[PDB]
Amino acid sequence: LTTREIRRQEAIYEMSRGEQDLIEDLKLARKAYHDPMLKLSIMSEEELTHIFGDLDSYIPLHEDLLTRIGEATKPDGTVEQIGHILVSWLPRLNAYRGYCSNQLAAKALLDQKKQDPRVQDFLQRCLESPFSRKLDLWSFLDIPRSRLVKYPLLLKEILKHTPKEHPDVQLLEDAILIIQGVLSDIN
């Protein structure tokens, strides 16, 4: 394996580790925050979907990417082609249209809720436990946003190390265009 082709694979791995991390945080937000607050009636659903969005849709969306990459990973750990997955997956990031279309309206409830004693108490409890796992609740919207805005860099890095005569060149070039379109359809 060449030094360059090792970077190509390292670039593909860097990306999927990013997905594992997003998924861990989306699940944590669903389990430790959203569901309990909804259950204890600390916040109404209308409110909780303003803050968190459709977690129930995003989690299997990003898991789906990770599944497909894993299935394309050989026994030796390398992945030969990836463009065909990305091109046919990226358009699904259009599932964020609604959530991210009012980041403005989101940060008006957010700032309201940080005076509520019932949320303060809920967090202080969660946080007192040495087995709890923290999320910055007040800038949650940053987690997905950060990730969505990172894809073009991740894709350009895979392409930087893709051999001239490789099918991924066209597909990755076309995927960078897909990601760029999807971004404008929410900002």
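Start at 1 with the first residue shown and count on from there.
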Item to check | Residue stretch of maximal mean CA temperature factor, 101 to 109 vs 68 to 76 | outcome: 101 to 109
Next on the checklist: Could you place residue 157 in the lowest, middle or highest third of its chain by Cα temperature factor, using the values in the record?
Outcome noted: middle
Item to check | Third assignment of residue 183 from its chain's C-alpha B-factors | outcome: highest
Checklist entry - So where's residue 28 on the chain's Cα temperature factor ranking, which third? => result lowest
Checklist outcome for this item: Of the three thirds of Cα B-factor ranks in this chain, residue 128 occupies the lowest
Next on the checklist: Considering every modelled residue of the chain and its Cα B-factor in the PDB entry, is residue 34 in the lowest, middle or highest third?
Outcome noted: lowest
